[PDB]
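Engineer: My structure file start-v8.cif, mmCIF, C-alpha atoms and all ligand atoms; chains and numbers go by the auth columns, is below:
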```
data_target
loop_
_atom_site.group_PDB
_atom_site.id
_atom_site.type_symbol
_atom_site.label_atom_id
_atom_site.label_comp_id
_atom_site.label_asym_id
_atom_site.label_seq_id
_atom_site.Cartn_x
_atom_site.Cartn_y
_atom_site.Cartn_z
_atom_site.B_iso_or_equiv
_atom_site.auth_seq_id
_atom_site.auth_asym_id
ATOM 1 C CA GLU A 1 48.459 172.348 50.306 0.00 1 Y
ATOM 2 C CA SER A 2 48.609 174.211 53.599 0.00 2 Y
ATOM 3 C CA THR A 3 50.135 173.860 57.073 0.00 3 Y
ATOM 4 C CA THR A 4 49.907 175.647 60.417 0.00 4 Y
ATOM 5 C CA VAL A 5 53.028 176.616 62.334 0.00 5 Y
ATOM 6 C CA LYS A 6 52.904 177.383 66.064 0.00 6 Y
ATOM 7 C CA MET A 7 55.233 180.247 66.978 0.00 7 Y
ATOM 8 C CA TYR A 8 57.022 180.443 70.335 0.00 8 Y
ATOM 9 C CA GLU A 9 59.006 183.293 71.861 0.00 9 Y
ATOM 10 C CA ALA A 10 62.724 182.670 71.412 0.00 10 Y
ATOM 11 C CA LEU A 11 64.525 182.875 74.750 0.00 11 Y
ATOM 12 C CA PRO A 12 68.039 182.192 76.000 0.00 12 Y
ATOM 13 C CA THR A 13 66.404 179.020 77.394 0.00 13 Y
ATOM 14 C CA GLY A 14 64.820 178.082 74.021 0.00 14 Y
ATOM 15 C CA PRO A 15 61.115 178.125 73.152 0.00 15 Y
ATOM 16 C CA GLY A 16 58.951 180.105 75.545 0.00 16 Y
ATOM 17 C CA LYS A 17 55.314 181.138 75.438 0.00 17 Y
ATOM 18 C CA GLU A 18 53.211 180.519 72.357 0.00 18 Y
ATOM 19 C CA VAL A 19 52.814 183.903 70.678 0.00 19 Y
ATOM 20 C CA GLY A 20 50.733 182.867 67.700 0.00 20 Y
ATOM 21 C CA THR A 21 50.355 180.923 64.496 0.00 21 Y
ATOM 22 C CA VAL A 22 51.153 181.121 60.816 0.00 22 Y
ATOM 23 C CA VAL A 23 49.033 179.319 58.212 0.00 23 Y
ATOM 24 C CA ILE A 24 51.062 178.775 55.045 0.00 24 Y
ATOM 25 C CA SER A 25 48.955 178.110 51.946 0.00 25 Y
ATOM 26 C CA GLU A 26 49.337 177.920 48.185 0.00 26 Y
ATOM 27 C CA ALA A 27 47.747 180.700 46.095 0.00 27 Y
ATOM 28 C CA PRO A 28 47.947 182.050 42.533 0.00 28 Y
ATOM 29 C CA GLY A 29 50.221 184.984 43.433 0.00 29 Y
ATOM 30 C CA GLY A 30 52.681 182.988 45.581 0.00 30 Y
ATOM 31 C CA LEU A 31 52.618 181.420 49.049 0.00 31 Y
ATOM 32 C CA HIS A 32 50.346 183.104 51.546 0.00 32 Y
ATOM 33 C CA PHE A 33 51.362 183.391 55.192 0.00 33 Y
ATOM 34 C CA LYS A 34 48.374 184.197 57.438 0.00 34 Y
ATOM 35 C CA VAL A 35 49.907 185.463 60.660 0.00 35 Y
ATOM 36 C CA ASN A 36 48.124 185.883 63.974 0.00 36 Y
ATOM 37 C CA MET A 37 50.566 186.868 66.703 0.00 37 Y
ATOM 38 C CA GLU A 38 50.542 188.821 69.935 0.00 38 Y
ATOM 39 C CA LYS A 39 52.925 190.343 72.482 0.00 39 Y
ATOM 40 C CA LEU A 40 55.089 192.029 69.849 0.00 40 Y
ATOM 41 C CA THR A 41 56.389 195.553 70.124 0.00 41 Y
ATOM 42 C CA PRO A 42 54.315 197.887 67.913 0.00 42 Y
ATOM 43 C CA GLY A 43 55.856 198.523 64.515 0.00 43 Y
ATOM 44 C CA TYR A 44 57.397 196.559 61.688 0.00 44 Y
ATOM 45 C CA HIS A 45 59.042 193.187 62.282 0.00 45 Y
ATOM 46 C CA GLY A 46 61.211 191.174 59.925 0.00 46 Y
ATOM 47 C CA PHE A 47 59.779 187.831 58.834 0.00 47 Y
ATOM 48 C CA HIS A 48 61.768 185.139 57.045 0.00 48 Y
ATOM 49 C CA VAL A 49 61.960 181.454 56.310 0.00 49 Y
ATOM 50 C CA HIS A 50 65.167 180.152 57.917 0.00 50 Y
ATOM 51 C CA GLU A 51 67.028 177.142 56.666 0.00 51 Y
ATOM 52 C CA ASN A 52 66.927 174.575 59.485 0.00 52 Y
ATOM 53 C CA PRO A 53 63.988 172.796 61.187 0.00 53 Y
ATOM 54 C CA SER A 54 64.990 173.865 64.702 0.00 54 Y
ATOM 55 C CA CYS A 55 64.295 176.844 66.930 0.00 55 Y
ATOM 56 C CA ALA A 56 66.937 175.956 69.531 0.00 56 Y
ATOM 57 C CA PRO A 57 69.425 178.547 70.733 0.00 57 Y
ATOM 58 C CA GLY A 58 73.108 178.236 69.998 0.00 58 Y
ATOM 59 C CA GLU A 59 76.433 179.869 70.706 0.00 59 Y
ATOM 60 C CA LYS A 60 78.255 182.253 68.391 0.00 60 Y
ATOM 61 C CA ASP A 61 81.462 184.046 69.347 0.00 61 Y
ATOM 62 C CA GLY A 62 80.812 182.825 72.919 0.00 62 Y
ATOM 63 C CA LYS A 63 77.366 184.486 73.124 0.00 63 Y
ATOM 64 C CA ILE A 64 74.076 182.609 73.568 0.00 64 Y
ATOM 65 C CA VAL A 65 71.876 183.555 70.613 0.00 65 Y
ATOM 66 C CA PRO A 66 68.147 182.778 70.837 0.00 66 Y
ATOM 67 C CA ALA A 67 66.961 180.593 67.934 0.00 67 Y
ATOM 68 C CA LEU A 68 70.430 180.435 66.354 0.00 68 Y
ATOM 69 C CA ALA A 69 69.862 176.768 65.460 0.00 69 Y
ATOM 70 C CA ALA A 70 67.319 177.782 62.803 0.00 70 Y
ATOM 71 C CA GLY A 71 70.343 178.828 60.755 0.00 71 Y
ATOM 72 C CA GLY A 72 70.391 181.625 58.228 0.00 72 Y
ATOM 73 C CA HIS A 73 67.743 182.623 55.713 0.00 73 Y
ATOM 74 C CA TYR A 74 66.511 179.919 53.369 0.00 74 Y
ATOM 75 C CA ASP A 75 68.665 180.529 50.291 0.00 75 Y
ATOM 76 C CA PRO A 76 68.416 177.687 47.746 0.00 76 Y
ATOM 77 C CA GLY A 77 70.045 179.913 45.122 0.00 77 Y
ATOM 78 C CA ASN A 78 73.093 180.306 47.402 0.00 78 Y
ATOM 79 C CA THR A 79 72.857 184.021 46.748 0.00 79 Y
ATOM 80 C CA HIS A 80 74.250 184.976 50.162 0.00 80 Y
ATOM 81 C CA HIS A 81 72.483 188.314 50.332 0.00 81 Y
ATOM 82 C CA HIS A 82 69.196 189.684 51.609 0.00 82 Y
ATOM 83 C CA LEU A 83 66.906 191.433 49.110 0.00 83 Y
ATOM 84 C CA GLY A 84 63.371 190.914 50.389 0.00 84 Y
ATOM 85 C CA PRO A 85 60.320 189.247 48.867 0.00 85 Y
ATOM 86 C CA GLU A 86 60.565 191.160 45.561 0.00 86 Y
ATOM 87 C CA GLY A 87 64.347 190.790 45.183 0.00 87 Y
ATOM 88 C CA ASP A 88 66.280 187.807 43.862 0.00 88 Y
ATOM 89 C CA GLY A 89 68.390 187.190 46.976 0.00 89 Y
ATOM 90 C CA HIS A 90 67.421 184.759 49.730 0.00 90 Y
ATOM 91 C CA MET A 91 64.250 182.997 48.573 0.00 91 Y
ATOM 92 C CA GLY A 92 63.195 182.788 52.232 0.00 92 Y
ATOM 93 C CA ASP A 93 62.751 186.568 52.464 0.00 93 Y
ATOM 94 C CA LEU A 94 59.104 187.342 53.280 0.00 94 Y
ATOM 95 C CA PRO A 95 57.296 190.684 53.505 0.00 95 Y
ATOM 96 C CA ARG A 96 57.616 192.441 56.848 0.00 96 Y
ATOM 97 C CA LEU A 97 54.865 192.166 59.430 0.00 97 Y
ATOM 98 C CA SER A 98 53.075 195.079 61.069 0.00 98 Y
ATOM 99 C CA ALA A 99 52.257 194.997 64.775 0.00 99 Y
ATOM 100 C CA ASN A 100 49.648 197.453 66.001 0.00 100 Y
ATOM 101 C CA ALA A 101 49.621 199.553 69.172 0.00 101 Y
ATOM 102 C CA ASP A 102 48.296 196.559 71.102 0.00 102 Y
ATOM 103 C CA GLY A 103 51.223 194.406 69.945 0.00 103 Y
ATOM 104 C CA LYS A 104 49.127 192.302 67.583 0.00 104 Y
ATOM 105 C CA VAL A 105 49.807 191.070 64.083 0.00 105 Y
ATOM 106 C CA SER A 106 46.792 189.934 62.073 0.00 106 Y
ATOM 107 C CA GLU A 107 47.500 189.884 58.355 0.00 107 Y
ATOM 108 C CA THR A 108 48.432 187.844 55.355 0.00 108 Y
ATOM 109 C CA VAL A 109 51.694 188.382 53.512 0.00 109 Y
ATOM 110 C CA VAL A 110 52.570 186.928 50.129 0.00 110 Y
ATOM 111 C CA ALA A 111 55.899 185.605 48.824 0.00 111 Y
ATOM 112 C CA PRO A 112 55.643 185.882 45.025 0.00 112 Y
ATOM 113 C CA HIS A 113 58.894 183.944 44.615 0.00 113 Y
ATOM 114 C CA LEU A 114 57.686 180.888 46.575 0.00 114 Y
ATOM 115 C CA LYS A 115 55.164 178.668 44.774 0.00 115 Y
ATOM 116 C CA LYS A 116 54.869 175.358 46.608 0.00 116 Y
ATOM 117 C CA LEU A 117 54.710 174.593 50.313 0.00 117 Y
ATOM 118 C CA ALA A 118 56.975 171.607 49.671 0.00 118 Y
ATOM 119 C CA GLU A 119 59.813 174.096 48.995 0.00 119 Y
ATOM 120 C CA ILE A 120 59.903 175.110 52.679 0.00 120 Y
ATOM 121 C CA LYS A 121 58.909 171.977 54.574 0.00 121 Y
ATOM 122 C CA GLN A 122 61.493 171.023 57.216 0.00 122 Y
ATOM 123 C CA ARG A 123 62.514 174.671 57.511 0.00 123 Y
ATOM 124 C CA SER A 124 61.562 177.312 60.098 0.00 124 Y
ATOM 125 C CA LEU A 125 59.701 180.609 60.333 0.00 125 Y
ATOM 126 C CA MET A 126 61.263 183.526 62.156 0.00 126 Y
ATOM 127 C CA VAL A 127 59.884 186.839 63.380 0.00 127 Y
ATOM 128 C CA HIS A 128 62.556 189.343 64.422 0.00 128 Y
ATOM 129 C CA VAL A 129 62.834 192.073 67.015 0.00 129 Y
ATOM 130 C CA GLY A 130 63.866 194.588 64.354 0.00 130 Y
ATOM 131 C CA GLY A 131 62.223 195.403 61.041 0.00 131 Y
ATOM 132 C CA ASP A 132 63.301 194.620 57.485 0.00 132 Y
ATOM 133 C CA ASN A 133 64.492 197.128 54.905 0.00 133 Y
ATOM 134 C CA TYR A 134 65.068 194.343 52.332 0.00 134 Y
ATOM 135 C CA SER A 135 68.794 195.137 52.217 0.00 135 Y
ATOM 136 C CA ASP A 136 72.117 194.397 53.898 0.00 136 Y
ATOM 137 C CA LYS A 137 72.760 198.160 54.223 0.00 137 Y
ATOM 138 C CA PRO A 138 73.118 199.796 56.681 0.00 138 Y
ATOM 139 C CA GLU A 139 72.623 196.610 58.724 0.00 139 Y
ATOM 140 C CA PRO A 140 72.882 192.963 57.766 0.00 140 Y
ATOM 141 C CA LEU A 141 69.772 190.947 57.015 0.00 141 Y
ATOM 142 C CA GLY A 142 67.428 193.891 56.745 0.00 142 Y
ATOM 143 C CA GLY A 143 68.154 195.159 60.244 0.00 143 Y
ATOM 144 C CA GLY A 144 66.067 192.362 61.744 0.00 144 Y
ATOM 145 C CA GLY A 145 68.536 191.868 64.569 0.00 145 Y
ATOM 146 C CA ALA A 146 67.564 189.425 67.271 0.00 146 Y
ATOM 147 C CA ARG A 147 65.104 186.580 66.805 0.00 147 Y
ATOM 148 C CA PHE A 148 61.812 187.198 68.630 0.00 148 Y
ATOM 149 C CA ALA A 149 59.748 184.104 67.765 0.00 149 Y
ATOM 150 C CA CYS A 150 60.290 180.891 65.851 0.00 150 Y
ATOM 151 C CA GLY A 151 58.399 177.844 64.671 0.00 151 Y
ATOM 152 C CA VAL A 152 59.331 174.746 62.676 0.00 152 Y
ATOM 153 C CA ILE A 153 57.610 174.054 59.367 0.00 153 Y
ATOM 154 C CA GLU A 154 57.220 170.343 59.438 0.00 154 Y
HETATM 155 CU CU CU B . 65.099 185.925 59.808 0.00 201 Y
HETATM 156 ZN ZN ZN B . 67.186 187.227 53.817 0.00 202 Y
#
```
Spell out the structure here as structure tokens.

Structural biologist:
Amino acid sequence: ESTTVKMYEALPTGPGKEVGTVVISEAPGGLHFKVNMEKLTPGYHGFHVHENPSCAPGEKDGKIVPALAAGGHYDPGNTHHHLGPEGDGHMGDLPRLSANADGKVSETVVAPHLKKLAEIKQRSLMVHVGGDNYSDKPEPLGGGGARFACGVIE
């Protein structure tokens, strides 16, 4: 199977402009994520499956957090730590995306630990402002920081 997810900029006011799409498809080496996105800052961006089928903001510690309602990283093993697509932490950890000088992402990444699309239906896809060092050191959650764009996987 396959599905296409529309990605919207995550604002304090919720979903903003459409910034691109992700096609998720099944493949021998693990799920493929074909990403076409624009208006990113050049450089690496963290990319993860989050646990809830919502991209709404929320409040944490009295602060409005764009796309907070997507929850944390998809983590069916309840591992509670971030180890990237080759580690055995959050199963939602995908390979980082690479935006070029024009702010565009156009690539496929592969999650060898995810086999079936059904595993991540009714979840969400998140692209972050920061990158992803596949660790919780020196910063939590790979240093992804704020949520840049989000889409629901139906
Ligand atoms: Cu994330
Ligand atoms: Zn993670």

Engineer: Pick out the residues no farther than 7 Å from ligand ZN 202 (chain Y), counting all atoms listed in the file, and list them as a PyMOL selection string.

Structural biologist: chain Y and resi 48+73+81-84+89-90+92-93+141

Engineer: One number please: atom CA of residue 127 of chain Y to atom CA of residue 28 of chain Y, in Å, one decimal.

Structural biologist: 24.5 Å

Engineer: Env of residue 23 of chain Y: 6 Å cut, atoms = all atoms listed in the file, seq-sep filter 3 positions within chain, self excluded. Answer as a PDB file with C-alpha atoms, in the coordinates of the input.

Structural biologist:
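In the end it all went to around30.pdb:
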```pdb
ATOM      1  CA  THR Y   3      50.135 173.860  57.073  1.00  0.00           C
ATOM      2  CA  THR Y   4      49.907 175.647  60.417  1.00  0.00           C
ATOM      3  CA  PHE Y  33      51.362 183.391  55.192  1.00  0.00           C
ATOM      4  CA  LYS Y  34      48.374 184.197  57.438  1.00  0.00           C
TER       5      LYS Y  34
END
```

Engineer: Can you pull out the residues contacting residue 111 of chain Y? Cut-off 9 Å, using only C-alpha atoms, and skip same-chain residues under 3 positions away; I want them as a PyMOL selection string.

Structural biologist: chain Y and resi 29-33+85-86+91-95+114-115

Engineer: Box in all listed atoms of segment 49-66 of chain Y, axis-aligned, with 8 Å more on each side; write out centre and edge lengths in Å to one decimal as lines of an AutoDock Vina configuration file.

Structural biologist:
```
center_x = 71.7
center_y = 178.6
center_z = 64.9
size_x = 35.5
size_y = 27.7
size_z = 33.3
```

Engineer: Apply the PyMOL selection byres (((chain Y and resi 41) around 6) and not hetatm) to the structure shown and report the selected residues as a ChimeraX atom specification.

Structural biologist: /Y:40,42,103

Engineer: In terms of the shortest atom-to-atom distance over all atoms listed in the file, which of Y:107, Y:132, Y:38, Y:139 is closest to ligand CU 201 (chain Y)?

Structural biologist: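 Under the stated criterion, the closest residue is Y:132.
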
Engineer: Choose the residue, out of Y:105, Y:69, Y:55, Y:24, that has the smallest atom-to-atom separation from residue 118 of chain Y; count only C-alpha atoms.

Structural biologist: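 Ranked by minimum distance to residue 118 of chain Y, first place goes to Y:24.
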
Engineer: Tell me, in Å to one decimal, how far atom CA of residue 108 of chain Y is from atom CA of residue 88 of chain Y.

Structural biologist: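 Taking atom CA of residue 108 of chain Y as the start and atom CA of residue 88 of chain Y as the end point, the length is 21.2 Å.
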
Engineer: Atom CA of residue 140 of chain Y and atom CA of residue 79 of chain Y, how far apart in Å?

Structural biologist: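 Between atom CA of residue 79 of chain Y and atom CA of residue 140 of chain Y the gap is 14.2 Å.
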
Engineer: Given the file above and the PyMOL selection byres (((chain Y and resi 43) around 12) and not hetatm), which residues are selected, and can you give them as a list in words?

Structural biologist: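 That expression, the PyMOL selection byres (((chain Y and resi 43) around 12) and not hetatm), corresponds here to residues 39, 40, 41, 42, 44, 45, 46, 96, 97, 98, 99, 100, 101, 102, 103, 104, 105, 128, 129, 130, 131 and 132 of chain Y.
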
Engineer: With C-alpha atoms retained, could you export that selection as a compact mmCIF listing (two decimals), in the coordinates of the input?

Structural biologist:
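File produced: part.txt:
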```txt
# COMPACT_ATOMS: atom_id res chain seq x y z
CA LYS Y 39 52.92 190.34 72.48
CA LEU Y 40 55.09 192.03 69.85
CA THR Y 41 56.39 195.55 70.12
CA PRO Y 42 54.32 197.89 67.91
CA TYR Y 44 57.40 196.56 61.69
CA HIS Y 45 59.04 193.19 62.28
CA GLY Y 46 61.21 191.17 59.92
CA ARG Y 96 57.62 192.44 56.85
CA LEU Y 97 54.86 192.17 59.43
CA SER Y 98 53.08 195.08 61.07
CA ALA Y 99 52.26 195.00 64.78
CA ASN Y 100 49.65 197.45 66.00
CA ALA Y 101 49.62 199.55 69.17
CA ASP Y 102 48.30 196.56 71.10
CA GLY Y 103 51.22 194.41 69.94
CA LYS Y 104 49.13 192.30 67.58
CA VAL Y 105 49.81 191.07 64.08
CA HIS Y 128 62.56 189.34 64.42
CA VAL Y 129 62.83 192.07 67.02
CA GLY Y 130 63.87 194.59 64.35
CA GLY Y 131 62.22 195.40 61.04
CA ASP Y 132 63.30 194.62 57.48
```

Engineer: Please work out which residues fall within 6 Å of (62.5, 169.8, 54.4), coordinates as given in the file, with all atoms listed in the file counting, and return them as number ranges by chain.

Structural biologist: Y: 121-123

Engineer: Ranking Y:74, Y:47, Y:134, Y:148 by minimum distance to ligand CU 201 (chain Y) and counting all atoms listed in the file, which one comes first?

Structural biologist: Y:47

Engineer: Let me make sure I understand: among Y:143, Y:76, Y:58, Y:53, which one has the smallest atom-to-atom distance to ligand CU 201 (chain Y) if we use only C-alpha atoms and all ligand atoms?

Structural biologist: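 When distances to ligand CU 201 (chain Y) are compared using only C-alpha atoms and all ligand atoms, the smallest one comes from Y:143.
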
Engineer: Counting all atoms listed in the file, which residue out of Y:13, Y:124, Y:78, Y:135 sits closest to ligand CU 201 (chain Y)?

Structural biologist: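 With all atoms listed in the file as the atom set, the closest residue is Y:124.
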
Engineer: Between Y:149, Y:67, Y:49, Y:56, which residue has the minimum interatomic distance to ligand CU 201 (chain Y), considering only C-alpha atoms and all ligand atoms?

Structural biologist: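 So, comparing all the options, the nearest one is Y:49.
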
Engineer: What do you get, as a PDB file with C-alpha atoms, in the frame of the given file, if you spell out every residue that the PyMOL selection byres (((chain Y and resi 71) around 8) and not hetatm) selects here?

Structural biologist:
```
ATOM      1  CA  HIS Y  50      65.167 180.152  57.917  1.00  0.00           C
ATOM      2  CA  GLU Y  51      67.028 177.142  56.666  1.00  0.00           C
ATOM      3  CA  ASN Y  52      66.927 174.575  59.485  1.00  0.00           C
ATOM      4  CA  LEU Y  68      70.430 180.435  66.354  1.00  0.00           C
ATOM      5  CA  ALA Y  69      69.862 176.768  65.460  1.00  0.00           C
ATOM      6  CA  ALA Y  70      67.319 177.782  62.803  1.00  0.00           C
ATOM      7  CA  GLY Y  72      70.391 181.625  58.228  1.00  0.00           C
ATOM      8  CA  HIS Y  73      67.743 182.623  55.713  1.00  0.00           C
TER       9      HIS Y  73
END
```

Engineer: Which residues, written as an MDAnalysis selection string, have at least one atom at most 7 Å from residue 10 of chain Y, with all atoms listed in the file counted and residues fewer than 2 positions away on the same chain left out?

Structural biologist: chainID Y and resid 8 14:16 66:67 147:150

Engineer: N, CA and C atoms for segment 94-106 of chain Y, written as a PDB file, in the frame of the given file, could you do that?

Structural biologist:
```pdb
ATOM      1  N   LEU Y  94      60.538 187.089  53.345  1.00  0.00           N
ATOM      2  CA  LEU Y  94      59.104 187.342  53.280  1.00  0.00           C
ATOM      3  C   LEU Y  94      58.826 188.824  53.524  1.00  0.00           C
ATOM      4  N   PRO Y  95      57.625 189.299  53.167  1.00  0.00           N
ATOM      5  CA  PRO Y  95      57.296 190.684  53.505  1.00  0.00           C
ATOM      6  C   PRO Y  95      57.241 190.891  55.015  1.00  0.00           C
ATOM      7  N   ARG Y  96      57.627 192.084  55.441  1.00  0.00           N
ATOM      8  CA  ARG Y  96      57.616 192.441  56.848  1.00  0.00           C
ATOM      9  C   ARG Y  96      56.200 192.424  57.408  1.00  0.00           C
ATOM     10  N   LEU Y  97      56.119 192.175  58.706  1.00  0.00           N
ATOM     11  CA  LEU Y  97      54.865 192.166  59.430  1.00  0.00           C
ATOM     12  C   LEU Y  97      54.673 193.473  60.181  1.00  0.00           C
ATOM     13  N   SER Y  98      53.413 193.827  60.424  1.00  0.00           N
ATOM     14  CA  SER Y  98      53.075 195.079  61.069  1.00  0.00           C
ATOM     15  C   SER Y  98      52.298 194.831  62.358  1.00  0.00           C
ATOM     16  N   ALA Y  99      52.926 195.131  63.486  1.00  0.00           N
ATOM     17  CA  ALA Y  99      52.257 194.997  64.775  1.00  0.00           C
ATOM     18  C   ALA Y  99      51.617 196.331  65.131  1.00  0.00           C
ATOM     19  N   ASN Y 100      50.395 196.262  65.642  1.00  0.00           N
ATOM     20  CA  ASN Y 100      49.648 197.453  66.001  1.00  0.00           C
ATOM     21  C   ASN Y 100      50.001 197.912  67.412  1.00  0.00           C
ATOM     22  N   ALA Y 101      49.321 198.954  67.876  1.00  0.00           N
ATOM     23  CA  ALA Y 101      49.621 199.553  69.172  1.00  0.00           C
ATOM     24  C   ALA Y 101      49.405 198.578  70.320  1.00  0.00           C
ATOM     25  N   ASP Y 102      48.560 197.577  70.099  1.00  0.00           N
ATOM     26  CA  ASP Y 102      48.296 196.559  71.102  1.00  0.00           C
ATOM     27  C   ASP Y 102      49.258 195.377  70.998  1.00  0.00           C
ATOM     28  N   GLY Y 103      50.238 195.462  70.099  1.00  0.00           N
ATOM     29  CA  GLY Y 103      51.223 194.406  69.945  1.00  0.00           C
ATOM     30  C   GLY Y 103      50.765 193.229  69.107  1.00  0.00           C
ATOM     31  N   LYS Y 104      49.703 193.409  68.330  1.00  0.00           N
ATOM     32  CA  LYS Y 104      49.127 192.302  67.583  1.00  0.00           C
ATOM     33  C   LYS Y 104      49.427 192.403  66.103  1.00  0.00           C
ATOM     34  N   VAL Y 105      49.720 191.246  65.520  1.00  0.00           N
ATOM     35  CA  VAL Y 105      49.807 191.070  64.083  1.00  0.00           C
ATOM     36  C   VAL Y 105      48.614 190.231  63.653  1.00  0.00           C
ATOM     37  N   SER Y 106      47.893 190.701  62.643  1.00  0.00           N
ATOM     38  CA  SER Y 106      46.792 189.934  62.073  1.00  0.00           C
ATOM     39  C   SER Y 106      46.705 190.289  60.605  1.00  0.00           C
TER      40      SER Y 106
END
```
